[PDB]
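Everything below belongs to upload.cif, which stores mmCIF, C-alpha atoms.
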```cif
data_model
loop_
_atom_site.group_PDB
_atom_site.id
_atom_site.type_symbol
_atom_site.label_atom_id
_atom_site.label_comp_id
_atom_site.auth_asym_id
_atom_site.auth_seq_id
_atom_site.Cartn_x
_atom_site.Cartn_y
_atom_site.Cartn_z
ATOM 1 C CA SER A 92 -4.782 9.343 -18.755
ATOM 2 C CA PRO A 93 -5.123 9.830 -15.003
ATOM 3 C CA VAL A 94 -6.621 6.314 -14.515
ATOM 4 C CA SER A 95 -4.203 4.300 -16.739
ATOM 5 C CA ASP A 96 -1.218 5.930 -14.992
ATOM 6 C CA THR A 97 -2.758 5.334 -11.476
ATOM 7 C CA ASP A 98 -3.278 1.654 -12.237
ATOM 8 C CA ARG A 99 0.156 1.246 -13.804
ATOM 9 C CA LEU A 100 1.761 2.772 -10.731
ATOM 10 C CA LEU A 101 -0.509 0.827 -8.308
ATOM 11 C CA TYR A 102 -0.507 -2.742 -9.835
ATOM 12 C CA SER A 103 2.355 -3.060 -12.379
ATOM 13 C CA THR A 104 5.294 -1.134 -10.870
ATOM 14 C CA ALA A 105 7.910 -2.510 -8.512
ATOM 15 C CA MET A 106 8.090 -0.606 -5.188
ATOM 16 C CA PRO A 107 11.461 1.187 -5.830
ATOM 17 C CA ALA A 108 10.123 2.647 -9.116
ATOM 18 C CA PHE A 109 6.784 3.633 -7.318
ATOM 19 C CA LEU A 110 8.808 5.463 -4.611
ATOM 20 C CA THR A 111 10.859 7.216 -7.299
ATOM 21 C CA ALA A 112 7.633 8.371 -9.079
ATOM 22 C CA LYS A 113 6.366 9.549 -5.647
ATOM 23 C CA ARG A 114 9.574 11.446 -4.720
ATOM 24 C CA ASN A 115 9.447 13.154 -8.143
ATOM 25 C CA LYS A 116 5.662 13.607 -8.008
ATOM 26 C CA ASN A 117 5.440 12.147 -11.567
ATOM 27 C CA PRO A 118 2.963 12.543 -13.153
ATOM 28 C CA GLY A 119 2.175 15.869 -11.314
ATOM 29 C CA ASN A 120 -1.625 15.641 -11.947
ATOM 30 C CA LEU A 121 -2.295 13.060 -9.265
ATOM 31 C CA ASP A 122 -2.313 12.995 -5.461
ATOM 32 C CA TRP A 123 1.113 12.098 -4.026
ATOM 33 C CA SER A 124 0.404 12.993 -0.380
ATOM 34 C CA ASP A 125 0.300 10.431 2.405
ATOM 35 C CA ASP A 126 -0.142 10.005 6.169
ATOM 36 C CA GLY A 127 1.996 6.840 5.963
ATOM 37 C CA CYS A 128 0.286 3.903 7.691
ATOM 38 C CA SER A 129 -2.736 6.019 8.749
ATOM 39 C CA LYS A 130 -1.862 5.694 12.485
ATOM 40 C CA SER A 131 -0.761 2.163 13.017
ATOM 41 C CA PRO A 132 3.057 2.403 13.296
ATOM 42 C CA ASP A 133 4.996 2.771 10.048
ATOM 43 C CA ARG A 134 7.523 0.167 11.278
ATOM 44 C CA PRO A 135 5.622 -2.428 13.408
ATOM 45 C CA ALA A 136 8.178 -4.708 15.205
ATOM 46 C CA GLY A 137 10.712 -2.775 13.128
ATOM 47 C CA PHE A 138 9.405 -3.966 9.712
ATOM 48 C CA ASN A 139 9.152 -1.390 6.923
ATOM 49 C CA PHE A 140 5.376 -1.258 6.170
ATOM 50 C CA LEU A 141 5.601 2.499 5.304
ATOM 51 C CA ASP A 142 6.385 1.967 1.556
ATOM 52 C CA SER A 143 3.309 -0.355 1.225
ATOM 53 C CA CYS A 144 1.207 2.155 3.172
ATOM 54 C CA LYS A 145 2.424 4.977 0.912
ATOM 55 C CA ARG A 146 1.201 2.972 -2.113
ATOM 56 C CA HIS A 147 -2.018 2.018 -0.319
ATOM 57 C CA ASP A 148 -2.640 5.773 0.475
ATOM 58 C CA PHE A 149 -1.869 6.513 -3.284
ATOM 59 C CA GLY A 150 -4.546 4.063 -4.270
ATOM 60 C CA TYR A 151 -7.183 5.379 -1.764
ATOM 61 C CA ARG A 152 -6.479 9.123 -2.335
ATOM 62 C CA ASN A 153 -6.390 8.796 -6.144
ATOM 63 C CA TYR A 154 -9.435 6.551 -6.492
ATOM 64 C CA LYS A 155 -11.387 9.049 -4.206
ATOM 65 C CA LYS A 156 -10.182 12.104 -6.245
ATOM 66 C CA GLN A 157 -11.065 10.009 -9.330
ATOM 67 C CA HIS A 158 -14.572 8.645 -9.949
ATOM 68 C CA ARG A 159 -14.144 5.100 -8.601
ATOM 69 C CA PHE A 160 -13.646 4.541 -4.800
ATOM 70 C CA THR A 161 -16.217 1.748 -4.691
ATOM 71 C CA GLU A 162 -16.164 -1.174 -2.263
ATOM 72 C CA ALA A 163 -14.941 -3.610 -4.985
ATOM 73 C CA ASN A 164 -12.129 -1.186 -6.034
ATOM 74 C CA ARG A 165 -11.236 -0.619 -2.349
ATOM 75 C CA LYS A 166 -10.627 -4.405 -2.021
ATOM 76 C CA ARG A 167 -8.410 -4.531 -5.134
ATOM 77 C CA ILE A 168 -6.313 -1.722 -3.509
ATOM 78 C CA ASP A 169 -6.335 -3.558 -0.122
ATOM 79 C CA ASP A 170 -5.262 -6.856 -1.778
ATOM 80 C CA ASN A 171 -2.377 -4.995 -3.542
ATOM 81 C CA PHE A 172 -1.426 -3.697 -0.069
ATOM 82 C CA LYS A 173 -1.098 -7.288 1.358
ATOM 83 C CA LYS A 174 0.944 -8.096 -1.827
ATOM 84 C CA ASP A 175 3.269 -5.143 -1.164
ATOM 85 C CA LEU A 176 3.566 -6.058 2.525
ATOM 86 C CA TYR A 177 4.339 -9.726 1.677
ATOM 87 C CA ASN A 178 7.053 -8.478 -0.778
ATOM 88 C CA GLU A 179 8.718 -6.643 2.042
ATOM 89 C CA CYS A 180 8.482 -9.639 4.423
ATOM 90 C CA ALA A 181 10.045 -11.928 1.750
ATOM 91 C CA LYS A 182 13.270 -9.857 2.070
ATOM 92 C CA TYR A 183 14.210 -11.846 5.176
ATOM 93 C CA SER A 184 16.518 -14.803 4.457
ATOM 94 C CA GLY A 185 16.922 -17.467 5.577
ATOM 95 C CA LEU A 186 17.379 -17.424 8.723
ATOM 96 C CA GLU A 187 14.957 -14.683 9.828
ATOM 97 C CA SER A 188 12.602 -17.597 9.431
ATOM 98 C CA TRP A 189 11.332 -15.980 12.030
ATOM 99 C CA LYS A 190 11.439 -12.384 10.765
ATOM 100 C CA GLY A 191 9.633 -13.393 7.514
ATOM 101 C CA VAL A 192 6.955 -15.409 9.331
ATOM 102 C CA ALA A 193 6.502 -12.680 12.028
ATOM 103 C CA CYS A 194 6.404 -9.931 9.405
ATOM 104 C CA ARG A 195 3.660 -11.875 7.467
ATOM 105 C CA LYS A 196 1.514 -12.394 10.561
ATOM 106 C CA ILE A 197 1.603 -8.600 11.274
ATOM 107 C CA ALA A 198 0.994 -7.934 7.538
ATOM 108 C CA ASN A 199 -2.198 -10.044 7.893
ATOM 109 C CA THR A 200 -3.345 -7.850 10.797
ATOM 110 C CA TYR A 201 -2.646 -4.634 8.881
ATOM 111 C CA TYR A 202 -4.573 -6.047 5.963
ATOM 112 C CA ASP A 203 -7.509 -7.182 8.187
ATOM 113 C CA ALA A 204 -7.626 -3.636 9.634
ATOM 114 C CA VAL A 205 -7.874 -1.868 6.234
ATOM 115 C CA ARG A 206 -10.602 -4.387 5.166
ATOM 116 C CA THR A 207 -12.660 -3.537 8.275
ATOM 117 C CA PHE A 208 -12.068 0.273 8.678
ATOM 118 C CA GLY A 209 -10.836 1.623 5.325
ATOM 119 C CA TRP A 210 -14.311 2.891 4.239
ATOM 120 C CA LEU A 211 -13.728 5.680 6.820
#
```
This entry written out as structure tokens:
Amino acid sequence: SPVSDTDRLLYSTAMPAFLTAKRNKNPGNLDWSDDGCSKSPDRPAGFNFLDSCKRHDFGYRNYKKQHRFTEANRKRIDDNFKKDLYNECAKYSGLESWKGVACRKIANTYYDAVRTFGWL
């Protein structure tokens, strides 16, 4: 099912396994292309936001190719993007008190931006 696999990969798959599925284009039937963070840097202040953007692009591109890119589905995909970004930020310990807090503040800005302009 194109929709059950999209949602599994979007909402119930840890990032490394999502990137593996991406790299292998598996399952082949769906859209695996991306423009990274759709011009906003991929690594703002040197933080890796590209993996989260890749998954956010997966969600947008596949819901559009599918029947369901509504405003309420767009928000579910945007919220999963802040989740993914916060997962990356939480990799700073402990120490980078600092990196984690700065990364989260920029993640909030990236999230705010997709909420506002993502319908384009």
Taking the file as shown, find all residues satisfying the PyMOL selection byres ((chain A and resi 109) around 12) and write them as a compact mmCIF listing (two decimals) with C-alpha atoms, in the coordinates of the input.
```txt
# COMPACT_ATOMS: atom_id res chain seq x y z
CA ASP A 96 -1.22 5.93 -14.99
CA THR A 97 -2.76 5.33 -11.48
CA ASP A 98 -3.28 1.65 -12.24
CA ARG A 99 0.16 1.25 -13.80
CA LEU A 100 1.76 2.77 -10.73
CA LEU A 101 -0.51 0.83 -8.31
CA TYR A 102 -0.51 -2.74 -9.84
CA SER A 103 2.36 -3.06 -12.38
CA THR A 104 5.29 -1.13 -10.87
CA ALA A 105 7.91 -2.51 -8.51
CA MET A 106 8.09 -0.61 -5.19
CA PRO A 107 11.46 1.19 -5.83
CA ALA A 108 10.12 2.65 -9.12
CA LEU A 110 8.81 5.46 -4.61
CA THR A 111 10.86 7.22 -7.30
CA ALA A 112 7.63 8.37 -9.08
CA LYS A 113 6.37 9.55 -5.65
CA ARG A 114 9.57 11.45 -4.72
CA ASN A 115 9.45 13.15 -8.14
CA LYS A 116 5.66 13.61 -8.01
CA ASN A 117 5.44 12.15 -11.57
CA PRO A 118 2.96 12.54 -13.15
CA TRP A 123 1.11 12.10 -4.03
CA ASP A 142 6.38 1.97 1.56
CA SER A 143 3.31 -0.36 1.23
CA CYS A 144 1.21 2.15 3.17
CA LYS A 145 2.42 4.98 0.91
CA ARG A 146 1.20 2.97 -2.11
CA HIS A 147 -2.02 2.02 -0.32
CA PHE A 149 -1.87 6.51 -3.28
CA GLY A 150 -4.55 4.06 -4.27
CA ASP A 175 3.27 -5.14 -1.16
```
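Nearest residue to residue 183 (chain A), choosing from A:92, A:121, A:151, A:139 and counting all atoms listed in the file: A:139.
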Draw an axis-aligned box over all listed atoms of region 114-124 of chain A, pad each side with 6 Å, and write its centre and edge lengths in Å, one decimal, as AutoDock Vina command-line options.
```
--center_x 3.6 --center_y 13.7 --center_z -6.8 --size_x 23.9 --size_y 16.4 --size_z 24.8
```
>> For the PyMOL selection byres ((chain A and resi 165) around 12), applied here, can you spell out every residue it catches as JSON, numbers by chain?
In response: {"A": [147, 148, 149, 150, 151, 152, 153, 154, 155, 159, 160, 161, 162, 163, 164, 166, 167, 168, 169, 170, 171, 172, 202, 205, 206, 207, 208, 209, 210, 211]}
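Of the listed residues A:94, A:173, A:120, A:129, the one whose atoms come nearest to residue 196 (chain A) is A:173, with distances taken using all atoms listed in the file.
Remark: for residue 93 (chain A), the closest of the candidate residues A:156, A:182, A:190, A:174 is A:156 (distances computed over only C-alpha atoms).
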